[PDB]
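J.:
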Amino acid sequence: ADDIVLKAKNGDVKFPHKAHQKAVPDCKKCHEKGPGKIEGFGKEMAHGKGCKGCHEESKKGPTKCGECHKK
Ligand code: HEC
Ligand code: HEC
Ligand code: HEC
Ligand SMILES: C[C@H](CCC(=O)O)[C@H]1CC[C@H]2[C@@H]3CC[C@@H]4C[C@H](O)CC[C@]4(C)[C@H]3C[C@H](O)[C@]12C
Numbered sequence: 021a022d023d024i025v026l027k028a029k030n031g032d033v034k035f036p037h038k039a040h041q042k043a044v045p046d047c048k049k050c051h052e053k054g055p056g057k058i059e060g061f062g063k064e065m066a067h068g069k070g071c072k073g074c075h076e077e078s079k080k081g082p083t084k085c086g087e088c089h090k091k
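Shown next, in the form of structure tokens:
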């Protein structure tokens with residue numbers, strides 16, 4: 021499958037799967053979540069535990085605006 025880009029108005033956000041599969045061997049951090057996670061994602065989740073928050077706790081991954089968002 022292909023990577024996906026989230027069309028954030030301030031700048032597209034790329035999600036590179038290969039890096040995550042390698043760096044987050046606990047697959048259940050993202051997969052086999054109960055229903056609702058597709059509908060549930062948004063800016064609140066992205067800037068929280070959905071993206072940025074995991075990067076902050078992991079001590080690795082982009083945490084600055086322009087490291088995720090890029091026109
Ligand atoms: C969130 C940070 C994830 C983690 C950690 C893992 N996966 Fe994932 N996976 C995630 C998304 C959002 C998607 C769809 C969009 C994309 O970029 O591909 C996927 C996709 C997969 C797939 C399909 C890949 C393909 O056919 O190319 C597989 C087989 C898959 N995910 C498995 C997988 C495993 C085994 C993981 C742990 C090692 C893992 N993923 C981590 C989100 C996230
Ligand atoms: C943990 C559960 C994570 C979640 C959820 C998301 N990310 Fe992540 N990401 C995580 C780690 C530990 C790393 C380091 C990987 C590395 O090898 O440096 C990353 C990395 C990224 C990157 C950069 C990858 C690279 O090639 O350097 C990007 C661009 C990124 N992450 C984006 C991103 C987005 C948009 C997410 C939400 C949709 C997201 N990540 C979730 C851990 C985790
Ligand atoms: C990745 C780890 C991010 C960092 C760091 C920042 N943002 Fe972000 N943001 C990210 C994603 C994946 C999304 C999209 C949510 C979705 O619905 O898919 C967003 C969203 C925004 C938005 C709203 C965009 C829109 O609704 O169209 C804004 C205005 C925004 N982000 C700005 C922003 C700023 C100023 C940041 C640094 C302070 C920042 N983001 C960090 C991913 C990530
Ligand atoms: C469920 C995990 C982990 C975050 C959490 O604990 O909620 C999150 C992390 C990344 C999230 C995906 C980001 C890309 C997509 C954003 C869409 O708008 C809704 C579906 C997708 C495919 C999201 C589904 C789900 O919301 C995921 C896989």
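Residues in the sequence shown are numbered from 21 upward in steps of one, following UniProt numbering.
All residues carry an ideal CB built from backbone N, CA and C; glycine is no exception.
Following the continuous alpha helix (DSSP H) through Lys-69, name the residue where it begins and the one where it ends.
T.: Taken as a continuous stretch (DSSP letters only), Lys-69 belongs to no alpha helix (DSSP H), as it is neither H nor E.
J.: Given a cut-off of 8 Å, decide if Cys-74 and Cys-88 are closer than it, judged by their beta-carbon atoms.
T.: No; because the gap between Cβ atoms is not below 8 Å, this pair is not in contact.
J.: May I have all residues whose beta carbon comes closer than 6 Å to any heavy atom of ligand 1, sorted in chain order?
T.: The filter returns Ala-21, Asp-23, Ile-24, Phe-35, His-37, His-40, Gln-41, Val-44, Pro-45, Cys-47, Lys-49, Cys-50, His-51, in chain order.
J.: Return the chain-ordered list of same chain residues with a C-beta closer than 7 Å to the C-beta of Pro-36, the five sequence neighbours on each side being excluded.
T.: So the qualifying residues of the chain are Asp-23.
J.: List the endpoints of the continuous beta strand (DSSP E) containing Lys-34.
T.: Per DSSP, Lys-34 belongs to the beta strand (DSSP E) from 33-35.
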